[PDB]
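Residue numbers (my numbering): 363 to 513.
Here the structure comes first, spelled out in structure tokens, and everything after it is commentary.
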Amino acid sequence: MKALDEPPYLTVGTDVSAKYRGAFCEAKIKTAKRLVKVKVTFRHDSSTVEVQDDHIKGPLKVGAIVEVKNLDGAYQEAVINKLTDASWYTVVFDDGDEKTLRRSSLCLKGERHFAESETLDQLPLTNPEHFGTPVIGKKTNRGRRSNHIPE
């Protein structure tokens, strides 16, 4: 660090509160995992997504067209915008689960484990009805009917 402006830090062996399925359960850092999360612009849709380095095949550098293996099973052409240090801490829960979560979803066990819950509340929303981008009619690849079926 430079000035060390954040004294509480998470390290292996340290017990923290990890958000498991929505509820913060106290688990201890089993290991620290630097995940490289790559923010990529999908070339076919122009949308910026943020995916794990694991799905990125090719070279990991800004401006590079890489091939993203999506969970859909499709490789997609995308451009790397940035490589993000996603320092996630892999915590071991006392039920036997181990999972890495980002430090923003981890509260340091120094008498802090949240006296709250989100409660999966669905009233306060910041995202409106996402039905797509305005004017659906700007894509180059089209192919309805193709004279194969009267549709």
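The C-beta atom is built at its ideal place from N, Cα and C for all residues, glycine as well.
Taking C-beta atoms as the reference points, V428 and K444 fail to come closer than 8 Å.
Residue ranges of uninterrupted beta strand (DSSP E) with 3 or more members, entirely inside the region 370-440 and ordered along the chain, are 377-382, 385-404, 410-414 and 427-431. Per DSSP, the continuous beta strand (DSSP E) segment holding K461 begins and ends at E460 to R464. For the pair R383 and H492, the Cα-to-Cα distance works out to about 24 Å.
Scanning its chain for C-beta atoms nearer than 7 Å, with the 5 sequence neighbours on each side dropped, one finds around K401 the residues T410, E412, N443, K444 and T446, in chain order. The beta carbon of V398 lies closer than 6 Å to those of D415 and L445 in the same chain, with the five residues before and after it left out. CA-to-CA, the gap between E439 and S449 works out to about 26 Å.
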